[PDB]
Amino acid sequence: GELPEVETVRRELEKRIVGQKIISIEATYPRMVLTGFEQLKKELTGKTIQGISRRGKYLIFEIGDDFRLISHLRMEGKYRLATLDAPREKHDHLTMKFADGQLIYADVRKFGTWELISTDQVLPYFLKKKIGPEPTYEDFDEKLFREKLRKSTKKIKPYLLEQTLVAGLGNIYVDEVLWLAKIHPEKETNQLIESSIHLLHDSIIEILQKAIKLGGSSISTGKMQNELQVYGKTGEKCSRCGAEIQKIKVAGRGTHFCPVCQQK
DNA sequence: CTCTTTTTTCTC
DNA sequence: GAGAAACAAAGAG
Ligand SMILES: [Zn+2]
């Protein structure tokens with residue numbers, strides 16, 4: 001559930017529920033709704049989906065211009081539109097009923113969260129969570145990026161995973177990015193040379209953008225997993241130097257890299 | 001079998 | 001700057 005995959009879901013839902021009126025909201029795992037499902041039911045029932053935007057890995061349902069629904073898929077949250085009488089599968093937790101169908105949210109690990117936030121609190125929400133700039137040449141200022149990177153001793157992969165220097169990078173794309181920029185995941189940010197930072201900054205925007213267009217690496221119906229150079233390729237040869245991709249643990253996360261291309 | 005492995009928040 | 005917790009199932013051997 002990284003920015004590429006979340007953006008793919010935003011567009012799918014975008015062209016399938018925007019403008020639809022909500023008839024009622026049923027929940028079998030209500031606590032998932034951190035702000036009180038009851039309060040959410042009383043307020044979104046009988047509304048219209050105005051739009052579905054995204055910020056980092058968070059989906060934002062715009063229902064009426066009073067409240068915004070912040071949705072986060074965590075590790076395996078997943079939406080799907082199905083028949084009104086469709087049967088209830090094992091890990092379905094919420095359903096948004098429409099006049100002609102329903103939006104179902106599933107999540108095996110129950111990690112996912114839902115939040116109803118008044119329109120004016122959207123920005124303070126992300127600013128309170130310290131979410132960095134979207135991965136675009138316009139919002140991802142390289143200088144600020146360089147500045148933050150030389151001021152820290154944090155290891156690169158962990159630090160990128162924080163969403164602070166930039167938003168959207170998860171385990172898959174950080175490994176892809178770091179390899180594409182020839183930076184070892186344990187390299188301390190304050191040692192990075194500008195040319196490295198510059199290459200990193202660009203590889204970030206580049207790979208996340210490439211992923212968006214390939215529909216994300218949905219192991220839905222995405223094709224980015226077909227172009228992964230190191231994530232999960234443990235034991236396979238490096239696209240460039242041919243060395244065997246190694247897998248190690250960094251800050252508790254499976255980390256794939258190349259011993260040679262990624263020096264550090 | 002049995003153990004390992006698969007986003008964000010919080011406690012230090 | 002680490003570790004744990006939430007939680008459930010595929011994967012490895
Ligand atoms: Zn290599």
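Chain letters run A, B, ... following the sequence lines, proteins first, then strands; residues in each count from 1. Atoms considered below: every heavy atom in the structure, side chains included; atoms not considered: hydrogens, waters and symmetry mates.
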| message | Without decimals, in angstroms, what is the distance between A:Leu59 CG and B:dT8 P? | response | 12 Å
| said: Side chain of A:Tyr58, heavy atoms from C-beta onward: which of B:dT7, B:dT8, C:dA8 has the nearest atom to it? | reply: B:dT8
| Hey, does the side chain of A:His72 come within less than 4.0 Å of B:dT7's phosphate (OP1/OP2), counting only N and O? | no
| message | Can you confirm if the NZ or CZ of A:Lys129 lies within 45° of the ring axis of A:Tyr125 and under 6.0 Å from the centre of its six-membered ring? | response | yes
| OP1 or OP2 of B:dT6 sitting under 4.0 Å from any side-chain N/O of A:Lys249? | yes
| request: Would you verify whether the NZ or CZ of A:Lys21 falls within 45 degrees of the ring axis of A:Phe98 while also being under 6.0 Å from that six-membered ring's centre? | output: no
| query | Taking atom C1' of B:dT7 as reference, at what distance in whole Å does atom CG of A:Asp175 sit? | reply | 15 Å
| query | Taking only N and O in the side chain of A:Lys110, is any of them less than 4.0 Å away from OP1 or OP2 of C:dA6? | reply | no
| query | A:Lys129 side chain N/O closer than 4.0 Å to the phosphate oxygens (OP1, OP2) of B:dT8? | reply | no
| Distance between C1' atoms of B:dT2 and C:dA6 (Å, rounded) | 22 Å
| field | Rounded interatomic separation in angstrom, taking OH from A:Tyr125 and P from B:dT9 | value | 7 Å
| field | Spacing between A:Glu76 atom CD and C:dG11 atom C1', to the nearest angstrom | value | 13 Å
| task | Considering only atom P, compute the distance from C:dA9 to B:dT8 and round it to an integer number of Å. | result | 23 Å
| message | For A:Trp179, does the six-membered ring have the charged nitrogen or CZ of A:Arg240 within the cation-pi criterion, i.e. under 6.0 angstrom from the centroid and within 45° of the normal? | response | yes
| said: Is there a side-chain contact between A:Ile193 and A:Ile197 in this structure, where contact means two heavy atoms from C-beta onward sitting under 4.5 Å apart? | reply: no
| request: Could you check how far OH of A:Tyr159 sits from P of C:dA2, rounded to whole Å? | output: 14 Å
| field | P atoms of C:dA4 and B:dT4, separation to the nearest Å | value | 13 Å
| query | Quick one: is A:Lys247 getting a side-chain N or O under 4.0 Å of the B:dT6 phosphate, OP1 or OP2? | reply | yes
| N/O (side chain, A:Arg253) to phosphate O (OP1/OP2, B:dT7) under 4.0 Å | yes
| Interatomic distance, A:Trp114 CH2 vs C:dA6 P [rounded to whole Å] | 24 Å
| Out of B:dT7, B:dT8, C:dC7, which has the shortest distance to the side chain of A:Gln163? | B:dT8
| request: Can you tell me the distance, in whole Å, between the CD atom of A:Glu5 and the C1' atom of B:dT6? | output: 14 Å
| query | Checking all strands, does A:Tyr231 fall into the base, sugar-phosphate, or nothing category for heavy-atom contacts under 4.0 angstrom? | reply | sugar-phosphate
| Within less than 4.0 Å of OP1 or OP2 of C:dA9, is there a side-chain N or O belonging to A:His91? | yes
| said: Using a 4.0 Å heavy-atom cut-off, does A:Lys57 contact any base of the nucleic acid, only the sugar-phosphate backbone, or nothing at all? | reply: sugar-phosphate
| query | How many Å lie between CZ on A:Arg109 and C1' on B:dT7, as a whole number? | reply | 9 Å
| query | Hey, is A:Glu134 close enough to A:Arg54 for a salt bridge, meaning N to O under 4.0 Å? | reply | yes
| query | Between A:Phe126 and A:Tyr58, is a ring pair (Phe, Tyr, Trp, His ring centres under 6.0 Å) present by the stated rule, with each step listed? | reply | CA-CA 10 Å; A:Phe126 292 112; A:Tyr58 302 71; 5.1 Å; yes
